[PDB]
There are 2 protein chains.
Amino acid sequence: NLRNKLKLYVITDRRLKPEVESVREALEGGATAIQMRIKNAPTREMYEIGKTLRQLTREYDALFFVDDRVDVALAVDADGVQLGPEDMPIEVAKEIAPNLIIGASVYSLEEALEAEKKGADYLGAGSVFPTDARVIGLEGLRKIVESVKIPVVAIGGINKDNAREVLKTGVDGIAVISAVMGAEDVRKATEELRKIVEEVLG
Amino acid sequence: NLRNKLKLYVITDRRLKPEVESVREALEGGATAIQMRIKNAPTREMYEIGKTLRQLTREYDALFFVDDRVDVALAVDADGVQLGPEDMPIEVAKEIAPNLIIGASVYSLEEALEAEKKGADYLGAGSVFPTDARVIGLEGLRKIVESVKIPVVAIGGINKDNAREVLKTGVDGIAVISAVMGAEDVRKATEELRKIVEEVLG
Ligand code: NI
């Protein structure tokens, strides 16, 4: 279910590659979850791209999340929304969007446990490595994993050279941006990471 | 109902004045509707300000709208959302937020008729005068008024000097930004406009 489909979590970055093409390649390569993350674009544009990503993810039986924007997630029938300290409070998103899966970006053990208490469905725990400027490291990531019962996706500076050490901490998934989106060959970059995920998680 | 509460429609602009302070003064001055219009702030901030303006508007029995953001409108229990060409499509907004009043920003007769057809509850028809920079003029405003059955609020370049001529096109209300938010005394500017509105519309 959710826990399994969070294993390889790929986030868009139009600074690096256009969303639709890059998501297609990531999905070809074995991404199990996609997050649309668009910093500054009109709502209509977010909606149109979101509709396309919702179709592609469905074609590959992948989960689809939108960063921040609950309106957009609702409008495109996304599986969920990712929420951080500058976003809609968890309890409020839950009220207005009771069927969305809520991911919470957390940067400390206190924040992890609080997000879980407020009803987050999974955590994005970071930043594991330098990339909020807070860096939790492998040690901090491991402590969050040990303390919470909801799924935990590691994030922050994760790539093929460190993915194994990250996955050894007990997380359910890794989230990547640059490692995939900034690659010369997006699909191959994703395949390399998915192999490591399969190797460590089983 | 809606039609009577659209008569003096005041829109925020933090480029001129902060929202909470200025909305209090406009409500004191007789604004009947307030629209929160914030560019480039975090969702958390939009939510916090929205909650305050929701409370304020209720205290003065004024309607409360949010520009663009259906998520924010839902989260703060606003009365409605205003939607333009770069925003969520009307039909989609109605699907995800079936209890919100929908205002449509329209800049032509075709846009007016299409928005009404799609189920807009009222129109923001403009720009009447120079202040999306499209200008429709008094004749274009009148034509819209003659052609649609839903309430029409005029917008764009409106002030105490041209407000009567605008009101004589048959609109249900006037929307102002600079005339009130750019005034030295926000309350007094709003009082003046409200009087003009009451005197023409009766
Ligand atoms: Ni390909």
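Proteins come first, then strands; the chains are lettered A, B, ... in the order of their sequence lines, and each starts at number 1.
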Could you walk me through whether A:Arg37 and A:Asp68 pass the salt bridge (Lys or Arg N to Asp or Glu O under 4.0 Å) test, one step at a time? CA-CA 8 Å; A:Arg37 178 168 170 121; A:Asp68 179 355; over 6 Å; no
Considering only heavy atoms from C-beta outward, does the side chain of [X] approach that of [Y] to under 4.5 Å?
| X | Y | result |
| --- | --- | --- |
| A:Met88 | A:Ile96 | yes |
| B:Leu63 | B:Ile34 | no |
| A:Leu6 | A:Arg3 | no |
| B:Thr52 | B:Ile49 | no |
| A:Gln55 | A:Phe64 | no |
| A:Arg69 | A:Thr43 | yes |
| B:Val166 | B:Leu138 | yes |
| A:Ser178 | A:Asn159 | no |

Inter-residue atom distance [X].[atom1] - [Y].[atom2], 0.5 Å rounding:
| X | Y | atom1 | atom2 | result |
| --- | --- | --- | --- | --- |
| A:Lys118 | A:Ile102 | NZ | CD1 | 11.5 Å |
| B:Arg58 | B:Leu27 | CZ | CG | 13.5 Å |
| A:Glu116 | A:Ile144 | CD | CD1 | 11.0 Å |
| B:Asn40 | B:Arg14 | CG | CZ | 9.5 Å |
| B:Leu141 | B:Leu167 | CG | CG | 9.5 Å |
| B:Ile38 | B:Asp13 | CD1 | CG | 10.5 Å |

Check step by step if side chain to side chain contact (heavy atoms under 4.5 Å, CB included) holds for B:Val176 and B:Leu193.
CA-CA 9 Å; B:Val176 294; B:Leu193 285 160; 4.2 Å; yes
Minimum heavy-atom distance between [X] and [Y], given as atom pair plus value:
| X | Y | result |
| --- | --- | --- |
| B:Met181 | B:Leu16 | O-CB, 3.5 Å |
| B:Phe65 | B:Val81 | CD2-N, 3.9 Å |
| A:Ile196 | A:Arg164 | CG2-N, 3.8 Å |
| A:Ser105 | A:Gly84 | CB-CA, 4.0 Å |
| A:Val76 | A:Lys51 | CG1-N, 3.7 Å |
| B:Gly156 | B:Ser127 | CA-OG, 3.1 Å |

Any donor-acceptor pair under 3.5 Å from [X] side chain to [Y] backbone:
| X | Y | result |
| --- | --- | --- |
| B:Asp172 | B:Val153 | no |
| A:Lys17 | A:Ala183 | yes |
| A:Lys143 | A:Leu109 | no |
| A:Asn162 | A:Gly157 | yes |

_Show, in sequence, the C-alpha distance, side-chain angles and deciding distance for A:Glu165 and A:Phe129, and conclude whether the side chain to side chain contact (heavy atoms under 4.5 Å, CB included) test is met._
CA-CA 12 Å; A:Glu165 292 306 311; A:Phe129 306 106; 5.8 Å; no
| field | Residues B:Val72, B:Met36; criterion side chain to side chain contact (heavy atoms under 4.5 Å, CB included); working and verdict | value | CA-CA 10 Å; B:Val72 175; B:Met36 185 174 77; 3.7 Å; yes
**side-chain hydrogen bond (donor to acceptor under 3.5 Å, both in side chains) against A:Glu198, all qualifying residues, sequence neighbours excluded** =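 A:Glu198: side-chain hydrogen bond (donor to acceptor under 3.5 Å, both in side chains) contacts with A:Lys7, A:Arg194.
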ask   = Got a sec, which residues hit side-chain hydrogen bond (donor to acceptor under 3.5 Å, both in side chains) with B:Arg142, two or more places apart in sequence or on another chain?
value =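 B:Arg142: side-chain hydrogen bond (donor to acceptor under 3.5 Å, both in side chains) contacts with B:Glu146.
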task = Could you go through the side chain to side chain contact (heavy atoms under 4.5 Å, CB included) check for B:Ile174 and B:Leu8 one step at a time?
result = CA-CA 5 Å; B:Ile174 57 168; B:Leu8 184 56; 4.0 Å; yes
Polar contact flag, side-chain donor to acceptor under 3.5 angstrom, B:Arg134-B:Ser108: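 Result is no, nothing qualifies.
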(message) Using a 6.0 Å cut-off, check whether atom CD of A:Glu91 has over 12 heavy atoms from anything other than its own residue.
(response)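 Yes.
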* A:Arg187 with A:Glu191: basic N within carboxylate O range, under 4.0 Å ->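 Yes.
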Problem set entry | salt bridge (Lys or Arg N to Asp or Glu O under 4.0 Å) evaluation trace for A:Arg44 with A:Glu48 | CA-CA 6 Å; A:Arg44 177 67 61 84; A:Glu48 292 296 341; 5.4 Å; no
